[PDB]
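Visitor: show me how the following folds:
(2 chains, ligands or ions: 2)
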Number of protein chains: 2
Amino acid sequence: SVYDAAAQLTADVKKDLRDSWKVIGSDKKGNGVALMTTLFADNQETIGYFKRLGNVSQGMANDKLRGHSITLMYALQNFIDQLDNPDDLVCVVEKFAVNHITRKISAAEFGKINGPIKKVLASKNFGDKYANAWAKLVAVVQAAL
Amino acid sequence: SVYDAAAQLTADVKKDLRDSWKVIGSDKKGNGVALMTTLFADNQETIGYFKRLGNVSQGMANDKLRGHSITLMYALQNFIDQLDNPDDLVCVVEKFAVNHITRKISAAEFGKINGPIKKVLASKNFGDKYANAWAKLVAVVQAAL
Ligand code: HEM
Ligand code: HEM
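Guide: Residues are numbered from 1 along each chain as shown, chains lettered A, B, ... in the order given. Ligands and ions are numbered 1, 2, ... in the order given. Okay, here it is:
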């Protein structure tokens, strides 16, 4: 259950998620676009899903991609703010899960985001521990897909 | 143009939007659900659009409505954060405009949100000036619909 998965976020995982978010979340435009262009660079098979955004190679210059990337960073901002209350975390997670289910995105495919997160965090000197905490949050979303 | 409308947000309007957001945005769950239940109470003709959320009369207890309301408050959080840069404000606005165009929501209907905003702001002792500033931001989104 998304509920059980959500419950797996211990005080230590929450602390790591918050501390790292202080840095990655402080530049939603830059880090959001980085997460996206890295997703496309390492998983080219996912590009076809983002047909609405036009030419994603354009990176930052592509307004649709930029508008999408900033908005995504707020979904994460939403999750981070709901950590202390699993009931609210679960409903926001389920709301976004529906956005992906309607696009035929499976739990396995959604998990491809773990690669980019590991790199973005790395470029900010946050090691494996942080990458692992972020995988646990992504796992709560996967429990809903 | 959404661009022109966005340009209409002067230093004074931005200040009022930020100051009032300090209070309304500090309780996204509560104020978000208030904006929604007030929208449904004063504009019953809009309820049919929210079929996915189930029984909206359930208010806070309805997780789908709660998940939707918190997420909406982040869209506004997104707009407020992009005020200083019209280029980023325009792309996030256009991203959300598409979410409404696909649901057949016209600029006039989207404007119905001005009523609820005026009330939510009022219950926090923010008068007409603030309600007017918020109408100008809602106007930027309307320029895109
Ligand atoms: C940290 C992880 C992720 C978050 C928080 C996230 C967040 C979002 C958000 C907020 C939207 C917009 C929803 C809407 O307005 O309809 C969205 C759409 C979408 N996401 Fe994700 N997403 C993530 C990872 C992924 C992954 C791994 C895939 C790739 C297989 C994916 C595929 C999609 C698709 C296809 C769309 C539609 C794009 C469009 O046409 O606008 N997402 N996502
Ligand atoms: C302050 C104003 C508003 C904001 C920022 C806003 C924001 C949002 C957001 C973020 C979504 C979710 C997008 C998605 O992932 O599908 C959404 C969906 C939607 N909005 Fe709005 N909205 C606003 C006002 C309105 C108004 C006035 C109407 C009513 C006529 C409306 C109708 C809809 C509909 C029909 C949906 C789909 C609900 C669902 O099936 O989940 N919105 N809105």
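
Visitor: hey, let's count contacts and neighbours off CA atoms from now on
Guide: Noted.

Visitor: what ranges do the helices span in chain A?
Guide: Applying DSSP state H to chain A gives helices spanning A:2-7, A:11-24, A:28-42, A:63-81, A:86-101, A:107-110, A:114-122, A:128-142.

Visitor: of all these, which one comes closest to residue B:42?
Guide: Taking C-alpha to C-alpha, helix A:86-101 is the member of those nearest to residue B:42, at 25.0 Å.

Visitor: same list, the helices of chain A, but as JSON lines with distance to residue B:144 and mean neighbour count please.
Guide: Below are these laid out as JSON lines (distance: least, C-alpha to C-alpha, whole Å; neighbours: other C-alpha atoms under 10 Å in any protein chain shown):
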{"stretch": "helix A:2-7", "distance to residue B:144": "36", "mean neighbour count": "17"}
{"stretch": "helix A:11-24", "distance to residue B:144": "30", "mean neighbour count": "16"}
{"stretch": "helix A:28-42", "distance to residue B:144": "21", "mean neighbour count": "19"}
{"stretch": "helix A:63-81", "distance to residue B:144": "14", "mean neighbour count": "20"}
{"stretch": "helix A:86-101", "distance to residue B:144": "22", "mean neighbour count": "19"}
{"stretch": "helix A:107-110", "distance to residue B:144": "30", "mean neighbour count": "14"}
{"stretch": "helix A:114-122", "distance to residue B:144": "32", "mean neighbour count": "19"}
{"stretch": "helix A:128-142", "distance to residue B:144": "31", "mean neighbour count": "20"}
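
Visitor: output those in CSV; the columns should cover distance to residue B:90.
Guide: Below are the helices of chain A laid out as CSV (distance: least, C-alpha to C-alpha, whole Å):
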stretch, distance to residue B:90
helix A:2-7, 34
helix A:11-24, 23
helix A:28-42, 13
helix A:63-81, 8
helix A:86-101, 22
helix A:107-110, 28
helix A:114-122, 26
helix A:128-142, 29
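
Visitor: out of those, nearest to ligand 1?
Guide: Closest to ligand 1 of the helices of chain A, according to C-alpha to the nearest ligand atom: helix A:107-110, at 3.6 Å.

Visitor: what about the closest one, near ligand 1?
Guide: Yes: under the criterion of C-alpha under 6 Å from any ligand atom, helix A:107-110 makes contact with ligand 1 via A:109-110.

Visitor: from the contact counts, what lies against that helix?
Guide: Packing partners of helix A:107-110 (3 or more C-alpha pairs under 8 Å, 6 or more residues apart in numbering or on different chains; DSSP states H and E): helix A:128-142.

Visitor: relative to ligand 2, which of the helices of chain A is closest?
Guide: helix A:86-101 (5.9 Å).

Visitor: run the chain-centre distance for the closest one.
Guide: 13 Å (C-alpha atoms, centre = their mean, to the nearest Å).

Visitor: for residue A:25, what are its contacts?
Guide: A:31, A:73, A:77 (C-alpha atoms under 8 Å, 6 or more residues apart in numbering or on different chains).

Visitor: what sits closest to residue A:130 if chain neighbours are left out?
Guide: Among residues not flanking residue A:130 along the chain, residue A:16 sits closest, at 6.0 Å (C-alpha to C-alpha, 6 or more residues apart in numbering or on different chains).

Visitor: go on, residue A:68?
Guide: In space, and not counting its chain neighbours, residue A:68 is closest to residue B:95: 6.7 Å by C-alpha to C-alpha, 6+ apart.

Visitor: the one you found against residue A:63, yeah?
Guide: No: applying C-alpha atoms under 8 Å as the test, residue B:95 and residue A:63 come out as separate, 9.3 Å apart.

Visitor: and chain A, which residues reach ligand 2?
Guide: Neighbours of ligand 2 within chain A, by C-alpha under 6 Å from any ligand atom: residue A:99.

Visitor: what does chain A have sitting close to chain B?
Guide: A:63-64, A:66-68, A:70-71, A:74-75, A:78, A:88, A:91-95 (C-alpha under 8 Å from any C-alpha of the partner chain).
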